[PDB]
Amino acid sequence: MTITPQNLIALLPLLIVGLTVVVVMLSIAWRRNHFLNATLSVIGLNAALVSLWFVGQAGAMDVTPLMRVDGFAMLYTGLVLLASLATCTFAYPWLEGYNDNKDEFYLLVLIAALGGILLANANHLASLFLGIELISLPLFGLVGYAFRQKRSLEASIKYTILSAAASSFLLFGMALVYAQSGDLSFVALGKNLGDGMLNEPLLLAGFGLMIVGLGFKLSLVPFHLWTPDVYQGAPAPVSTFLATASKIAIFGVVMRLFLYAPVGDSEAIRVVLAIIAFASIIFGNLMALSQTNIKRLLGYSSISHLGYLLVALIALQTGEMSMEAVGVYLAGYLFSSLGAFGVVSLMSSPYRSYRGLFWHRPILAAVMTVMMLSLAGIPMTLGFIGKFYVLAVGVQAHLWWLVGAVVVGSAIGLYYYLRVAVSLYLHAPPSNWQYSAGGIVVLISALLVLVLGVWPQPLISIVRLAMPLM
Amino acid sequence: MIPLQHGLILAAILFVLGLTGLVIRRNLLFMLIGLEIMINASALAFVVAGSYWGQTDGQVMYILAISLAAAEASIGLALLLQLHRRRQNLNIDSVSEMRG
Amino acid sequence: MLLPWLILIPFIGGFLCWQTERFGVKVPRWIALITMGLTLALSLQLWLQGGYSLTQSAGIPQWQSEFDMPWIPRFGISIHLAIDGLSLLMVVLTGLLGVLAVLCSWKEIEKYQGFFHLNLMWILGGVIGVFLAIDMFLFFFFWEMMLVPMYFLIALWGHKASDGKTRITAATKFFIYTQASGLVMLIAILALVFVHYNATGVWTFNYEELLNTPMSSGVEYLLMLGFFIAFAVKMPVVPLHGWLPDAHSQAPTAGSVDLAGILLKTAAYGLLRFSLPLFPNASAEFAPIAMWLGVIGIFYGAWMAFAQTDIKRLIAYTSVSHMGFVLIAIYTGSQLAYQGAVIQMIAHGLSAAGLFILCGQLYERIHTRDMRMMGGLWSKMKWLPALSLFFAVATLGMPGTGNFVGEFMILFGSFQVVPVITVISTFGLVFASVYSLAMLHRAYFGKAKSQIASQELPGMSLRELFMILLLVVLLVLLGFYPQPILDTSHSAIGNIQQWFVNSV
Amino acid sequence: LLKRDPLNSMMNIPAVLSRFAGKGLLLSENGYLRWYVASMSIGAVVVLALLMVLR
Ligand SMILES: CCCCCCCCCCCCCCCCCC(=O)OC[C@H](COP(=O)(O)OCCN)OC(=O)CCCCCCCCCCCCCCCCC
Ligand SMILES: CCCCCCCCCCCCCCCCCC(=O)OC[C@H](COP(=O)(O)OCCN)OC(=O)CCCCCCCCCCCCCCCCC
Ligand SMILES: CCCCCCCCCCCCCCCCCC(=O)OC[C@H](COP(=O)(O)OCCN)OC(=O)CCCCCCCCCCCCCCCCC
Ligand SMILES: CCCCCCCCCCCCCCCCCCCC
């Protein structure tokens, strides 16, 4: 299929972010200016976020034998773009203290955002693979951006080796799937099977290797052991981006792949993902019980939240609001993780103990305790709305083991989240507008969490508007 | 007249051999070598799958595979170079400071 | 009409308490006092204008006042409030206990009194919203939003003599118990809503619509079990009870947190309002297990209360025993036992509020809570030992106090239903008298067993004596004239009892 | 006999079970990259075997 001007206007955030990559690269080639390159990157990401309006007025259509644009793609593109914008905003005061070159950071953030947009728009195995790699490799650079530090270099090496292994696993999986089916489109993965013979062994093994790669990319048990180390060792804006944008884009493409494929309603795949989600929730909540480090704690939190996401994933073909639950939960999780990792970044900036935070930084302490109440699914917070959606979807499809796992993991998460949120207020022994901009970002994130936890109807209507093709 | 199953078996054998070399070797260079073996075996499987169906999609996926392999080898060898420059060893078990 | 203002006046009052701290350190206590004064005035105005004594039982639903607003129209969720006799009585009790909680912490001139007052008002607003909401999602929302300020008050403003880690552990255990039970309740609510949606095809969370829902036997049992697990954690019912002495031990020294949301019995109201009408056959099947749990709770709480060397834990276990009495009353299916349960909850709230206030005063004078470090305090204090004697005689079920009236109507209805549980519960009343006498004589009688108990102590303040004597007068008037309270709640009790016995 | 609240310990038994399970599960995070790759291959074997058994 050729490309039309309507297909070009469907390509608007991808083209805008790519043009931003080229412009920022040429500006770095002209003269190394941190402020101007950061401003150009933020301008390009905001331009793509604005041009999502024109993409929405363009309608839902198919641009490539690879790409499909609908409201689902707009919602995930907007989430990825917002996460990238917050990552740049948090990264500028951190990069104010970096002795080496700071301008490549925003180039890598823009390329990873480009990969996230491609993963949001992906309707093909090639686009899935290229979006995963386009997210992964700039994250290899960003995790080891402070390569002089021991922890950052260790996390970069671990992430690079493990993600190369997961990329090979995923690629061999789609190789087996394409050997079985003969078409790499999402809709044709198992379309040549009928009369109850959907569980062909080669297709199931290829999808299993794809599950191995994606469950690495989604921090799902037992491909989750990288998450606390890579989260801790990486810089805190990089931890923010890796927690929000990569996970959201990869889960969106997994959502689209399991909706569109005929093999997605297989019983064996459903049971395997049920086991993975159960173990992910239980293990991620249990392993964060005795964590004194905030970053590893939030990595195990990411594992648990992705387990709740997979619980919402499993009931896709049976329930009707599974995608709506995933969208509401992902908006809430983006806001909560953005706020928490942003306060962590603002306390880690510039590049050179959360106890007693209220006595010198009260606003950041309030924002942190709002997000740790949000990640626990406490009412008046958007994470509660997401957990309620997950529980409703689990109750509809009679996923009782998953529902009990969500309740037990919620209790354990309540324990450690409240431990940190109340360690904030105990007793223990800047001056630029970009730090204030990061503070405004985390403050609006906390206000959004509180308002959409009290009044979740506009977000529900927005997510219900983001309906993919049938 | 070449069976598809034999080519897929060869690709799987090279894939699991690359994984074995990735696991059992402490040296980061040999793990990078094993990763190259795994991704090249996956590219071989995709080429065989494309050749059975008479489609260019297998070779296109091979091209994407080797683009990823080249860039990943570049990044991994840069990380290995910095590890050898500041640590004077390639023992991947020595870099284990972050745990628990 | 006035119900949204009844819920929202504590929240606006708490926001004003936090904001008006810059005007002075002695300002937020006055703001909280006028806030609960307005709340209690509105509650008494609803009592006067409701005409509850002339209201006859017409069947569920029958609300004396009603408010509705769409909140989440996607799920059919509405802010839907409704007040009737039982809800109005518990709202009046909430307002009075909030007035007592504000007056009990009058001498705290701490530099962060605004947040303490705001958390107290948010707790009281959550309790009022629990007593007023007839929407399942809104009721659960209030049920879980009233626990965060309790957690922060226990953890940060709690017992200053104890270590911080004990306060954190007690607050975390209380929060984990209450919120896990609430999540089980939310699962039961969601499954009931999905059953109704599959049966009819409309999205609703309204409790009036969910009443006529056809459920198979066994699914209804599971939903009732989820509701009862939530209410059994919050009541408390054994073994879901240790959070109550743990939170009472590490509570703030004034005792306002006890009066705010802990001592108000929302769980038994939920059992009367939601567990019995929505699942009548399941509750009829579950009645022996629940009432034997109540018997075990009465005797377990009595044996724990006798064995405590701490006053606060002792009063918490008295609360456990009296809630076991109420739990026995709830599953009888008798109008007399239900009216006695209502009287018992109100009288227990009053008596335990007086006991906790006086325990706070006694700890203020003697700077300890161990009963082995005191004794013979009748000669060393002016007003406190006699009022504590009156309250300890009140909680053992003495006529002239409302506890006797409530417990005896409970036992009359229960004996009309089942004799064995009634006779075992009356021996539980003997046990209650035993622990009350043990507390009285270990605390105020004998010789001084330490040095701080052998010195003269200053008398109680005029405001504190005023509120204690107000509690005394209210308990005496409830003991001798409980009739207006009985005619206030006669319609709601009649509707609930007729729905329970006419659908089984 | 009951002054130590046996039912409180009975319901606190899940808390110590969760603590023990978390302490045992944290031993898998030894920080070694080769063990991480081995765990990924173990998960691949387990997922593939479960998919073949349930097919
Ligand atoms: C009627 C029974 C059936 C229905 C049950 C419904 C559920 C709600 C009612 C039961 C709740 C039981 C909760 C028990 C634990 C209470 C929390 C607690 O004790 O926290 C304190 C403790 C830490 O205290 P400490 O030991 O001082 O710490 C220093 C050590 N470094 O913290 C810890 O040690 C860590 C706490 C981790 C999180 C709590 C444990 C969660 C367990 C699963 C919850 C769901 C219940 C499932 C069924 C359990 C069996 C009945
Ligand atoms: C750790 C804390 C949480 C506890 C673990 C998580 C919850 C576990 C719940 C287990 C439920 C087991 C159900 C087993 C039978 C399922 C199949 C079945 O019989 O379905 C019947 C029915 C579907 O058929 P339908 O045509 O809709 O018939 C309408 C019938 N009224 O089905 C329906 O209409 C829906 C049936 C729903 C049943 C109730 C589920 C929730 C009940 C409350 C929570 C569990 C019980 C309380 C806590 C226990 C101790 C922790
Ligand atoms: C980290 C580790 C530690 C923490 C975690 C510990 C474990 C957490 C999970 C514990 C709960 C496990 C699941 C319990 C519910 C099982 C439900 C079940 O099996 O239901 C089967 C059946 C469903 O009903 P059905 O036959 O479909 O009805 C329609 C046709 N008549 O049901 C029926 O027919 C009715 C069955 C009734 C009895 C089963 C429910 C028992 C509930 C026990 C707790 C409450 C006990 C009572 C109250 C005590 C005080 C609160
Ligand atoms: C919810 C709070 C309840 C507090 C206790 C109230 C007990 C009832 C008191 C009623 C008043 C008794 C004394 C006055 C009697 C007036 C009789 C008028 C008609 C003859």
# chains A, B, ... in the order shown; residues from 1 in each chain; ligands from 1
call {"tool": "select_by_dssp", "arguments": {"residues": "segment 182-388 of chain C", "states": "alpha helix (DSSP H)", "output": "PyMOL selection string"}}
result
chain C and resi 182-200+207-210+219-234+243-249+256-257+266-270+276-278+280-307+311-330+335-366+384-388
call {"tool": "residues_near_ligand", "arguments": {"ligand": "ligand 3", "cutoff": "6 Å", "atoms": "only C-alpha atoms and all ligand atoms", "output": "list in words"}}
result
residues 216, 217, 218, 219, 229 and 232 of chain C; 14 and 18 of chain D
call {"tool": "residues_around", "arguments": {"residues": "segment 440-452 of chain C", "least_positions_apart": "3", "cutoff": "7 Å", "atoms": "only C-alpha atoms", "output": "CSV table (one decimal) with N, CA and C atoms, in the first residue's frame"}}
result
chain,number,residue,atom,x,y,z
C,366,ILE,N,-1.1,11.4,85.9
C,366,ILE,CA,-0.2,10.5,86.5
C,366,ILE,C,0.9,10.1,85.6
C,371,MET,N,-1.6,-0.2,85.1
C,371,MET,CA,-2.4,-0.3,86.3
C,371,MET,C,-1.7,-0.8,87.5
C,372,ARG,N,-0.5,-1.3,87.4
C,372,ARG,CA,0.3,-1.7,88.5
C,372,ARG,C,1.1,-0.6,89.1
C,373,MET,N,1.2,0.6,88.5
C,373,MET,CA,1.9,1.7,89.0
C,373,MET,C,0.9,2.7,89.7
C,374,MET,N,-0.3,2.4,89.9
C,374,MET,CA,-1.3,3.2,90.5
C,374,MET,C,-2.1,2.5,91.6
C,375,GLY,N,-3.1,3.2,92.1
C,375,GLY,CA,-3.9,2.6,93.2
C,375,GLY,C,-4.2,3.6,94.3
C,376,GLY,N,-5.4,3.5,94.9
C,376,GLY,CA,-5.8,4.5,95.9
C,376,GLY,C,-5.8,5.9,95.4
C,377,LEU,N,-6.3,6.1,94.2
C,377,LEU,CA,-6.4,7.5,93.7
C,377,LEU,C,-7.7,8.2,94.0
C,378,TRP,N,-8.6,7.6,94.8
C,378,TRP,CA,-9.8,8.2,95.3
C,378,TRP,C,-9.4,9.4,96.2
C,385,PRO,N,-12.0,9.9,89.9
C,385,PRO,CA,-12.4,8.5,90.3
C,385,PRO,C,-13.9,8.2,90.4
C,389,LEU,N,-15.8,5.6,88.1
C,389,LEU,CA,-16.7,4.6,88.8
C,389,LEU,C,-18.0,4.6,88.1
C,436,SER,N,-15.1,-5.0,84.9
C,436,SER,CA,-15.3,-3.6,85.3
C,436,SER,C,-14.8,-3.4,86.8
C,437,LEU,N,-15.2,-4.4,87.7
C,437,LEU,CA,-14.7,-4.3,89.1
C,437,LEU,C,-13.2,-4.4,89.1
C,455,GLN,N,1.0,11.3,95.4
C,455,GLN,CA,1.0,12.7,95.5
C,455,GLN,C,-0.4,13.3,95.1
call {"tool": "residues_near_ligand", "arguments": {"ligand": "ligand 1", "cutoff": "7 Å", "atoms": "only C-alpha atoms and all ligand atoms", "output": "ChimeraX atom specification"}}
result
/A:289,407-408,411-412,415 /C:169,172-173,176-178,180-181,184,229,233,240 /D:11-12,14-16,18-19
call {"tool": "select_by_dssp", "arguments": {"residues": "segment 82-316 of chain C", "states": "strand (DSSP E or B)", "output": "ChimeraX atom specification"}}
result
/C:82-83,133,135,206,310
call {"tool": "write_last_selection", "arguments": {"atoms": "C-alpha atoms", "output": "mmCIF file, in the first residue's frame"}}
result
data_model
loop_
_atom_site.group_PDB
_atom_site.id
_atom_site.type_symbol
_atom_site.label_atom_id
_atom_site.label_comp_id
_atom_site.auth_asym_id
_atom_site.auth_seq_id
_atom_site.Cartn_x
_atom_site.Cartn_y
_atom_site.Cartn_z
ATOM 1 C CA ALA C 82 -30.551 9.088 52.225
ATOM 2 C CA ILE C 83 -31.418 9.599 55.882
ATOM 3 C CA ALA C 133 -24.559 6.845 51.614
ATOM 4 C CA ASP C 135 -24.850 3.955 46.928
ATOM 5 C CA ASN C 206 -27.725 1.984 43.935
ATOM 6 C CA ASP C 310 -3.352 -1.224 80.487
#
call {"tool": "residues_around", "arguments": {"residues": "residue 32 of chain D", "least_positions_apart": "4", "cutoff": "9 Å", "atoms": "only C-alpha atoms", "output": "number ranges by chain"}}
result
A: 158; B: 92-99; D: 36
call {"tool": "residues_around", "arguments": {"residues": "residue 35 of chain D", "least_positions_apart": "4", "cutoff": "12 Å", "atoms": "only C-alpha atoms", "output": "PDB file with C-alpha atoms, in the first residue's frame"}}
result
ATOM      1  CA  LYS A 158      22.924  -5.465  32.473  1.00  0.00           C
ATOM      2  CA  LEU A 162      19.555  -8.781  28.803  1.00  0.00           C
ATOM      3  CA  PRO A 222      10.313 -14.650  35.713  1.00  0.00           C
ATOM      4  CA  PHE A 223      11.954 -12.069  33.430  1.00  0.00           C
ATOM      5  CA  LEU A 225      15.221  -9.628  37.901  1.00  0.00           C
ATOM      6  CA  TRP A 226      16.710  -6.715  35.940  1.00  0.00           C
TER       7      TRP A 226
ATOM      8  CA  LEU B  22      25.947 -16.433  26.498  1.00  0.00           C
ATOM      9  CA  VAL B  23      25.281 -18.157  29.827  1.00  0.00           C
ATOM     10  CA  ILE B  24      28.355 -20.278  30.578  1.00  0.00           C
ATOM     11  CA  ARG B  25      30.993 -17.615  29.818  1.00  0.00           C
ATOM     12  CA  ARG B  26      32.027 -15.001  32.373  1.00  0.00           C
ATOM     13  CA  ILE B  92      30.909  -9.932  34.367  1.00  0.00           C
ATOM     14  CA  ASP B  93      30.550 -11.463  37.841  1.00  0.00           C
ATOM     15  CA  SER B  96      27.519  -7.138  40.889  1.00  0.00           C
TER      16      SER B  96
ATOM     17  CA  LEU D  27      17.772 -14.090  47.287  1.00  0.00           C
ATOM     18  CA  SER D  28      17.121 -14.308  43.530  1.00  0.00           C
ATOM     19  CA  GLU D  29      18.297 -10.681  43.198  1.00  0.00           C
ATOM     20  CA  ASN D  30      21.964 -11.513  43.713  1.00  0.00           C
ATOM     21  CA  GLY D  31      23.010  -8.936  41.107  1.00  0.00           C
ATOM     22  CA  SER D  39      16.592 -17.150  34.777  1.00  0.00           C
ATOM     23  CA  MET D  40      15.387 -15.795  31.429  1.00  0.00           C
ATOM     24  CA  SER D  41      16.209 -19.137  29.790  1.00  0.00           C
ATOM     25  CA  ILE D  42      14.513 -20.972  32.687  1.00  0.00           C
TER      26      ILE D  42
END
call {"tool": "closest_atom_pairs", "arguments": {"of": "chain C", "to": "ligand 4", "cutoff": "7 Å", "atoms": "only C-alpha atoms and all ligand atoms", "output": "Markdown table"}}
result
| residue | atom | partner | partner_atom_place_in_ligand_line | distance |
| --- | --- | --- | --- | --- |
| C:89 | CA | ligand 4 | 1 (C) | 5.1 |
| C:90 | CA | ligand 4 | 1 (C) | 6.7 |
| C:92 | CA | ligand 4 | 1 (C) | 5.3 |
| C:93 | CA | ligand 4 | 1 (C) | 4.7 |
| C:346 | CA | ligand 4 | 1 (C) | 6.4 |
| C:474 | CA | ligand 4 | 5 (C) | 4.6 |
| C:475 | CA | ligand 4 | 5 (C) | 6.2 |
| C:477 | CA | ligand 4 | 7 (C) | 4.9 |
| C:478 | CA | ligand 4 | 7 (C) | 3.8 |
| C:481 | CA | ligand 4 | 8 (C) | 5.5 |
| C:482 | CA | ligand 4 | 8 (C) | 5.2 |
| C:483 | CA | ligand 4 | 8 (C) | 6.9 |
| C:484 | CA | ligand 4 | 8 (C) | 6.0 |
| C:485 | CA | ligand 4 | 8 (C) | 6.2 |
call {"tool": "interface_residues", "arguments": {"of": "chain A", "to": "chain C", "cutoff": "8 Å", "atoms": "only C-alpha atoms", "output": "list in words"}}
result
residues 378, 379, 380, 391, 392, 395, 396, 407, 408, 410, 411, 414, 415, 418, 419, 422, 425, 426, 455, 456, 457 and 460 of chain A
call {"tool": "write_last_selection", "arguments": {"atoms": "N, CA, C and O atoms", "output": "compact mmCIF listing (two decimals), in the first residue's frame"}}
result
# COMPACT_ATOMS: atom_id res chain seq x y z
N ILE A 378 -5.43 3.65 47.06
CA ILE A 378 -6.26 4.29 48.07
C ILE A 378 -7.26 5.20 47.37
O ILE A 378 -6.87 5.92 46.44
N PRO A 379 -8.54 5.18 47.75
CA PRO A 379 -9.51 6.12 47.18
C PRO A 379 -9.11 7.58 47.37
O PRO A 379 -8.26 7.92 48.19
N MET A 380 -9.76 8.43 46.57
CA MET A 380 -9.41 9.81 46.23
C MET A 380 -8.13 9.90 45.40
O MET A 380 -7.57 10.99 45.26
N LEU A 391 -10.19 -4.87 39.01
CA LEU A 391 -10.99 -5.81 39.78
C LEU A 391 -12.34 -6.07 39.13
O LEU A 391 -12.83 -7.21 39.15
N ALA A 392 -12.96 -5.05 38.53
CA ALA A 392 -14.22 -5.25 37.82
C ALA A 392 -14.04 -6.16 36.61
O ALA A 392 -14.86 -7.05 36.37
N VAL A 395 -13.56 -9.68 37.86
CA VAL A 395 -14.80 -10.26 38.37
C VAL A 395 -15.70 -10.67 37.21
O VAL A 395 -16.36 -11.72 37.27
N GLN A 396 -15.74 -9.87 36.14
CA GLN A 396 -16.59 -10.19 34.99
C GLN A 396 -16.21 -11.52 34.34
O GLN A 396 -17.08 -12.32 33.99
N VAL A 407 -5.86 -8.56 45.53
CA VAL A 407 -6.17 -8.13 46.89
C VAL A 407 -4.97 -8.31 47.82
O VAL A 407 -4.61 -7.41 48.60
N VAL A 408 -4.32 -9.48 47.75
CA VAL A 408 -3.19 -9.76 48.63
C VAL A 408 -2.00 -8.85 48.31
O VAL A 408 -1.37 -8.27 49.21
N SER A 410 -2.23 -5.97 46.95
CA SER A 410 -2.63 -4.64 47.37
C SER A 410 -2.37 -4.43 48.85
O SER A 410 -1.95 -3.34 49.26
N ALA A 411 -2.62 -5.45 49.67
CA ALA A 411 -2.31 -5.34 51.10
C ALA A 411 -0.81 -5.19 51.35
O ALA A 411 -0.38 -4.35 52.15
N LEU A 414 0.24 -1.83 50.24
CA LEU A 414 -0.21 -0.89 51.26
C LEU A 414 0.79 -0.79 52.39
O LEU A 414 1.15 0.32 52.81
N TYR A 415 1.30 -1.94 52.85
CA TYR A 415 2.33 -1.95 53.89
C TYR A 415 3.53 -1.11 53.49
O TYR A 415 3.88 -0.14 54.18
N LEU A 418 2.78 2.77 52.55
CA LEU A 418 2.53 3.57 53.75
C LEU A 418 3.77 3.71 54.61
O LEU A 418 3.94 4.74 55.26
N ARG A 419 4.64 2.69 54.62
CA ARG A 419 5.90 2.80 55.35
C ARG A 419 6.73 3.96 54.83
O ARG A 419 7.23 4.79 55.61
N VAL A 422 4.88 7.47 55.43
CA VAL A 422 4.95 7.94 56.80
C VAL A 422 6.39 8.12 57.28
O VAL A 422 6.62 8.84 58.27
N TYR A 425 7.45 11.97 56.94
CA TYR A 425 7.11 13.00 57.92
C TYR A 425 7.81 12.83 59.26
O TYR A 425 7.48 13.53 60.21
N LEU A 426 8.78 11.92 59.35
CA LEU A 426 9.51 11.73 60.60
C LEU A 426 10.60 12.80 60.73
O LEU A 426 10.62 13.79 59.99
N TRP A 455 -12.99 12.54 40.94
CA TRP A 455 -13.91 12.68 39.80
C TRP A 455 -13.30 12.00 38.58
O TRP A 455 -12.70 12.66 37.72
N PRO A 456 -13.44 10.68 38.47
CA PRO A 456 -12.78 9.95 37.37
C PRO A 456 -13.56 9.94 36.06
O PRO A 456 -13.09 9.31 35.11
N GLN A 457 -14.72 10.58 36.00
CA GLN A 457 -15.55 10.51 34.80
C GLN A 457 -14.93 11.11 33.53
O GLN A 457 -15.08 10.48 32.47
N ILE A 460 -12.48 8.55 32.15
CA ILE A 460 -13.21 7.39 31.65
C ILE A 460 -13.81 7.69 30.28
O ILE A 460 -13.73 6.87 29.36
call {"tool": "interface_residues", "arguments": {"of": "chain B", "to": "chain A", "cutoff": "6 Å", "atoms": "only C-alpha atoms", "output": "list in words"}}
result
residues 38, 39, 42, 45, 46, 49 and 98 of chain B
call {"tool": "residues_around", "arguments": {"residues": "residue 263 of chain C", "least_positions_apart": "6", "cutoff": "9 Å", "atoms": "only C-alpha atoms", "output": "PyMOL selection string"}}
result
chain C and resi 97+257+319+348-349+352-353
call {"tool": "interface_residues", "arguments": {"of": "chain C", "to": "chain D", "cutoff": "9 Å", "atoms": "only C-alpha atoms", "output": "short mmCIF file (atom, residue, chain, number, x, y, z; two decimals) with C-alpha atoms, in the first residue's frame"}}
result
data_model
loop_
_atom_site.label_atom_id
_atom_site.label_comp_id
_atom_site.auth_asym_id
_atom_site.auth_seq_id
_atom_site.Cartn_x
_atom_site.Cartn_y
_atom_site.Cartn_z
CA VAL C 238 -12.89 -12.27 66.55
CA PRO C 239 -10.25 -13.04 65.34
CA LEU C 240 -10.32 -9.79 63.34
CA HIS C 241 -9.94 -7.71 66.48
CA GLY C 242 -6.30 -7.05 67.51
CA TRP C 243 -6.12 -3.88 65.42
CA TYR C 300 -12.77 -13.55 74.51
CA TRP C 303 -11.00 -12.56 79.29
CA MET C 304 -8.66 -10.17 77.47
CA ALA C 305 -10.06 -7.16 79.37
CA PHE C 306 -9.57 -8.88 82.72
CA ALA C 307 -5.96 -9.74 81.81
CA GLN C 308 -4.92 -6.26 80.62
#
call {"tool": "residues_around", "arguments": {"residues": "segment 418-428 of chain C", "least_positions_apart": "4", "cutoff": "10 Å", "atoms": "only C-alpha atoms", "output": "ChimeraX atom specification"}}
result
/C:288,291-292,294-303,321-322,324-325,328-329,332,407-408,410-414,432-434
call {"tool": "interface_residues", "arguments": {"of": "chain D", "to": "chain A", "cutoff": "6 Å", "atoms": "only C-alpha atoms", "output": "list in words"}}
result
residues 22, 26, 40, 43, 44, 48, 51, 54 and 55 of chain D
call {"tool": "write_last_selection", "arguments": {"atoms": "N, CA, C and O atoms", "output": "PDB file, in the first residue's frame"}}
result
ATOM      1  N   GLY D  22       9.073 -12.942  51.252  1.00  0.00           N
ATOM      2  CA  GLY D  22       9.810 -11.848  50.641  1.00  0.00           C
ATOM      3  C   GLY D  22      11.308 -11.959  50.851  1.00  0.00           C
ATOM      4  O   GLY D  22      12.093 -11.695  49.933  1.00  0.00           O
ATOM      5  N   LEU D  26      13.937 -12.467  47.782  1.00  0.00           N
ATOM      6  CA  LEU D  26      14.986 -11.484  47.532  1.00  0.00           C
ATOM      7  C   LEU D  26      16.356 -12.113  47.310  1.00  0.00           C
ATOM      8  O   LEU D  26      17.281 -11.403  46.902  1.00  0.00           O
ATOM      9  N   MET D  40      16.158 -16.031  32.648  1.00  0.00           N
ATOM     10  CA  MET D  40      15.387 -15.795  31.429  1.00  0.00           C
ATOM     11  C   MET D  40      15.234 -17.075  30.614  1.00  0.00           C
ATOM     12  O   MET D  40      14.149 -17.363  30.093  1.00  0.00           O
ATOM     13  N   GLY D  43      12.754 -19.307  32.429  1.00  0.00           N
ATOM     14  CA  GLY D  43      11.397 -18.871  32.151  1.00  0.00           C
ATOM     15  C   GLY D  43      10.946 -19.218  30.747  1.00  0.00           C
ATOM     16  O   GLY D  43       9.781 -19.552  30.529  1.00  0.00           O
ATOM     17  N   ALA D  44      11.865 -19.152  29.779  1.00  0.00           N
ATOM     18  CA  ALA D  44      11.539 -19.568  28.417  1.00  0.00           C
ATOM     19  C   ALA D  44      11.198 -21.051  28.356  1.00  0.00           C
ATOM     20  O   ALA D  44      10.213 -21.442  27.715  1.00  0.00           O
ATOM     21  N   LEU D  48       7.439 -22.383  27.466  1.00  0.00           N
ATOM     22  CA  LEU D  48       7.275 -23.256  26.308  1.00  0.00           C
ATOM     23  C   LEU D  48       6.726 -24.623  26.705  1.00  0.00           C
ATOM     24  O   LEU D  48       5.853 -25.168  26.019  1.00  0.00           O
ATOM     25  N   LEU D  51       3.065 -24.233  27.534  1.00  0.00           N
ATOM     26  CA  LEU D  51       2.280 -24.088  26.314  1.00  0.00           C
ATOM     27  C   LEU D  51       2.140 -25.411  25.572  1.00  0.00           C
ATOM     28  O   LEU D  51       1.102 -25.662  24.952  1.00  0.00           O
ATOM     29  N   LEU D  54      -0.440 -27.733  27.791  1.00  0.00           N
ATOM     30  CA  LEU D  54      -1.831 -27.297  27.784  1.00  0.00           C
ATOM     31  C   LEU D  54      -2.434 -27.209  26.389  1.00  0.00           C
ATOM     32  O   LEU D  54      -3.635 -26.943  26.272  1.00  0.00           O
ATOM     33  N   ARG D  55      -1.647 -27.413  25.338  1.00  0.00           N
ATOM     34  CA  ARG D  55      -2.165 -27.340  23.975  1.00  0.00           C
ATOM     35  C   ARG D  55      -3.042 -28.547  23.655  1.00  0.00           C
ATOM     36  O   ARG D  55      -4.234 -28.405  23.381  1.00  0.00           O
TER      37      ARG D  55
END
call {"tool": "closest_residue", "arguments": {"among": "B:78, B:63, B:31, B:48", "to": "chain D", "atoms": "only C-alpha atoms"}}
result
B:31
call {"tool": "decode", "arguments": {"residues": "segment 24-38 of chain B", "atoms": "C-alpha atoms", "output": "tab-separated table (two decimals), in the first residue's frame"}}
result
chain	number	residue	atom	x	y	z
B	24	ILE	CA	28.35	-20.28	30.58
B	25	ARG	CA	30.99	-17.62	29.82
B	26	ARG	CA	32.03	-15.00	32.37
B	27	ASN	CA	33.83	-12.81	29.82
B	28	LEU	CA	31.63	-10.00	28.49
B	29	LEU	CA	33.17	-10.42	25.02
B	30	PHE	CA	32.02	-14.04	24.81
B	31	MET	CA	28.53	-13.06	25.96
B	32	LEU	CA	28.43	-10.42	23.20
B	33	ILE	CA	29.60	-13.13	20.78
B	34	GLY	CA	26.82	-15.42	22.00
B	35	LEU	CA	24.26	-12.62	21.58
B	36	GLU	CA	25.47	-12.17	18.00
B	37	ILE	CA	25.03	-15.91	17.45
B	38	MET	CA	21.45	-15.82	18.79
